[PDB]
Asks: 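Shown below is the structure under consideration.
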Amino acid sequence: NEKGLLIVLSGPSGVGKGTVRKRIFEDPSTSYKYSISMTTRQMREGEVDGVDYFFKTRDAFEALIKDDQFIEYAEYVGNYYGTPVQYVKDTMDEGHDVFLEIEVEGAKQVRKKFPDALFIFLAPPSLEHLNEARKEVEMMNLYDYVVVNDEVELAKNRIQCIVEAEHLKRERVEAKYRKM
Amino acid sequence: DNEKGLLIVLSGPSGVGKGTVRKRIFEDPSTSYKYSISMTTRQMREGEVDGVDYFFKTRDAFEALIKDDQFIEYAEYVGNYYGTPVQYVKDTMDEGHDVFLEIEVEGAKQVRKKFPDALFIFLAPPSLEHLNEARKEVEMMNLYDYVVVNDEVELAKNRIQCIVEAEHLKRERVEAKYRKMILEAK
Ligand SMILES: Nc1nc2c(ncn2[C@@H]2O[C@H](COP(=O)(O)OP(=O)(O)OP(=O)(O)O)[C@@H](OP(=O)(O)OP(=O)(O)O)[C@H]2O)c(=O)[nH]1
Ligand SMILES: [K+]
Ligand SMILES: [Mg+2]
């Protein structure tokens with residue numbers, strides 16, 4: 001039906017994707033859901049299970065990998081991080097747009113399962129001020145749109161526009177009227 | 001090579017208000033696009049100026065221009081010719097400026113044939129949203145990239161502006177700019 005969009009935000013480490021995502025979620029003009037990732041790293045002071053992350057053992061995470069229960073996962077410095085599939089599918093089926101915040105290479109995994117998801121790459125402003133740039137540009141080929149994080153407000157506006165445009169796409173709007 | 005401007009095509013059914021939305025778009029000083037001034041054979045109306053609203057032409061001259069392949073597209077609407085002159089569109093895109101067409105649906109089909117990567121926006125009546133007329137309107141949108149409802153002129157303008165902004169952020173376009181920058185530093 002009118003399933004919600006899957007919106008995938010990534011970019012190089014330290015680019016400020018968390019900060020931009022937080023700005024997007026402060027905007028009252030839209031209402032998004034957020035996929036809380038699973039991790040095998042230890043819970044740190046102040047963190048709460050099912051809020052910051054779902055904290056699991058390495059054996060549990062690997063059992064879930066085996067059962068195809070992640071849209072994407074990766075291992076960083078000995079700890080798994082990944083996106084549980086069921087929350088995403090259920091939330092989209094309820095009509096809600098859902099954001100994933102993932103690391104860059106994970107887009108290939110997501111696209112295999114959700115080829116029509118909206119992939120947004122957040123680029124550092126050092127690209128617009130201009131070797132390391134080659135690596136950053138190489139990362140982009142997995143994504144649909146590129147937004148420079150020059151200022152948090154401007155980046156948020158650009159992303160909101162991209163999402164609004166996605167809701168106006170003909171294939172989506174056409175299907176809605178056809179099915180009616 | 002040189003980064004070309006986008007070709008933006010606004011169309012949709014008779015009487016949906018393409019003219020009114022286009023007019024509002026070009027009253028906005030933040031609008032970056034260049035408007036393609038069409039040729040027509042219809043009579044000039046009170047308040048219109050030759051070379052602003054349209055380039056007004058005779059049927060003989062318009063038909064000679066058709067024969068010489070001087071239109072990206074032309075159509076007949078209510079017994080008059082309307083068409084988009086070719087050189088202005090090509091020159092303006094080549095200078096890196098986005099170009100905006102406001103045209104009827106038969107013309108838009110011809111543009112798609114020549115510019116398959118142009119941005120096609122279908123302006124829909126709010127009657128479709130409210131609840132045979134609908135089916136025909138849906139068939140008309142098949143070639144289009146986006147659908148914008150003309151519920152309010154200001155709202156339609158804003159949706160269009162966002163669509164064009166989003167297309168400027170497309171990775172293929174952005175990736176090609178950066179790949180070129182990196183290459184020409186060498
Ligand atoms: N193919 C083509 N069409 C053009 C071109 N220029 C203008 N048109 C269309 O020709 C139609 C008539 O234009 P106009 O003569 O200026 O008349 P209008 O202002 O539309 O009032 P009228 O139709 O007489 O009540 C419009 O479609 P609508 O009346 O449906 O628009 P809309 O959605 O705005 O109704 C225009 O979009 C062109 O270069 N090529
Ligand atoms: K026109
Ligand atoms: Mg009209």
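Counting convention: from 1, in listed order, for ligands and their atoms alike. All heavy atoms count here, side chains included; hydrogens, waters and symmetry mates do not. Throughout, a chain's letter reflects where its sequence line sits, starting with A, and its residues are numbered from 1.
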Asks: At what distance, to the nearest 0.5 angstrom, does CZ of A/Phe121 lie from CG of A/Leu142?
Replies: 9.0 Å
Asks: Using heavy atoms and a threshold below 4.0 Å, how should the contact between B/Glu102 and ligand 1 be classified: side chain, backbone, both, or neither?
Replies: both
Asks: Can A/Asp90 and A/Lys33 be counted as an ion pair, charged N to O under 4.0 angstrom?
Replies: no
Asks: Under a heavy-atom criterion of less than 4.0 Å, does B/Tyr54 contact ligand 1?
Replies: yes
Asks: Ion pair present between A/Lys176 and B/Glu129, side-chain N to carboxylate O less than 4.0 angstrom?
Replies: yes
Asks: Would you mind running through ligand 1 and noting each atom that sits below 4.0 Å from a heavy atom of B/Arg42?
Replies: 14 (P), 15 (O), 16 (O)
Asks: What do we get for B/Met39 next to ligand 1 when only non-hydrogen atoms under 4.0 Å count, side chain, backbone, both or neither?
Replies: neither
Asks: Are B/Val138 and B/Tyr144 connected in the hydrophobic side-chain network, where two residues link if heavy atoms are under 4.5 Å apart?
Replies: yes
Asks: Distance under 4.0 Å to a non-hydrogen atom of B/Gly107: what atoms of ligand 1 satisfy this?
Replies: 1 (N)
Asks: Starting from atom 23 (O) of ligand 1, locate the nearest protein heavy atom and write down its residue, its atom name and how far away it is, to 0.1 Å.
Replies: B/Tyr77 OH, 3.1 Å
Asks: May I ask whether atom 33 (O) of ligand 1 is less than 4.0 Å from at least one protein heavy atom?
Replies: yes
Asks: State whether A/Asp68 and A/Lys113 are salt-bridged, where the test is any N-O pair (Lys NZ or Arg NE/NH1/NH2 against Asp/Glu carboxylate O) under 4.0 Å.
Replies: yes
Asks: Is the contact between B/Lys109 and ligand 1 made by the side chain, the backbone, both, or neither, using heavy atoms and a 4.0 Å cut-off?
Replies: neither
Asks: Please check this pair: side chain of B/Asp98 against backbone of B/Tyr33, looking for a donor-acceptor N/O pair closer than 3.5 Å.
Replies: no
Asks: Please check atom 20 (O) of ligand 1 for a protein heavy-atom neighbour under 4.0 Å.
Replies: no
Asks: Short question: side chain of A/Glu136, backbone of A/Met139 - any donor-acceptor pair under 3.5 Å?
Replies: no
Asks: Are any of the side-chain nitrogens in B/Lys109 or B/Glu106 under 4.0 Å away from the carboxylate oxygens of its partner?
Replies: yes
Asks: Identify, by atom number and element, the atoms of ligand 1 in contact range of B/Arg45, meaning under 4.0 Å from any of its heavy atoms.
Replies: 15 (O), 17 (O), 21 (O), 24 (O)
Asks: Contact between ligand 1 and B/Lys23 is defined here as a heavy atom of the residue under 4.0 Å from a ligand atom; is it met?
Replies: no
Asks: Is there a chain of hydrophobic side chains (I, L, V, M, F, W, Y, each step under 4.5 Å between heavy atoms) that links B/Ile103 to B/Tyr54?
Replies: no
Asks: Is B/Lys18 salt-bridged to B/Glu104, going by a charged N under 4.0 Å from an acidic O?
Replies: no
Asks: Within the 4.0 Å heavy-atom shell around B/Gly19, which atoms of ligand 1 are there?
Replies: 34 (O)
Asks: Starting from atom 3 (N) of ligand 1, what is the nearest protein heavy atom, named by residue and atom, and what distance separates them?
Replies: B/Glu104 N, 3.2 Å
Asks: Mind listing the closest non-hydrogen atom pair of A/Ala155 and A/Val148 along with its distance?
Replies: CB-O, 4.0 Å
Asks: Which residue and atom name correspond to the protein heavy atom nearest atom 27 (O) of ligand 1, and how close is it?
Replies: B/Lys18 CE, 3.6 Å
Asks: Ion pair present between B/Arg24 and B/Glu27, side-chain N to carboxylate O less than 4.0 angstrom?
Replies: yes
Asks: Only heavy atoms of B/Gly17, strictly under 4.0 Å: list the atoms of ligand 1 that pass.
Replies: 32 (P), 33 (O), 34 (O)
Asks: Output the list of atoms in ligand 1 that are nearer than 4.0 Å to some heavy atom of B/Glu73, sorted by atom number.
Replies: 1 (N), 2 (C), 38 (C), 39 (O), 40 (N)
Asks: Could you list the atoms of ligand 1 found under 4.0 angstrom from a heavy atom of B/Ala75?
Replies: 1 (N)
Asks: Is B/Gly12 in polar range of ligand 1, meaning some N or O pair under 3.5 Å apart?
Replies: no
Asks: Checking contacts now, so for atom 39 (O) of ligand 1, which I'm interested in, is there any protein heavy atom under 4.0 Å?
Replies: yes
Asks: Can you list, by chain and residue number, the protein N, O or S atoms under 3.4 Å from the K ion (ligand 2)?
Replies: B/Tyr35 OH, B/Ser38 OG, B/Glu102 O
Asks: Taking the side chain from B/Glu3 and the backbone from B/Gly96, do they hold a donor-acceptor pair closer than 3.5 Å?
Replies: no
Asks: Can you check whether A/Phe70 and A/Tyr80 have ring centres sitting under 6.0 Å from each other?
Replies: no
Asks: Within 45 degrees of the axis of the six-membered ring of B/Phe120 and under 6.0 Å from its centre: does A/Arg170 put its NZ or CZ there?
Replies: no
Asks: When you check the gap from the basic side-chain N to the acidic O, do A/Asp116 and A/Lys3 get nearer than 4.0 Å?
Replies: no
Asks: List the closest protein heavy-atom neighbour of atom 6 (N) of ligand 1: residue, atom name, distance to the nearest 0.1 Å.
Replies: B/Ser38 OG, 3.3 Å
Asks: Give the numbers and elements of all ligand 1 atoms closer than 4.0 Å to a heavy atom of B/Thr84.
Replies: 39 (O)
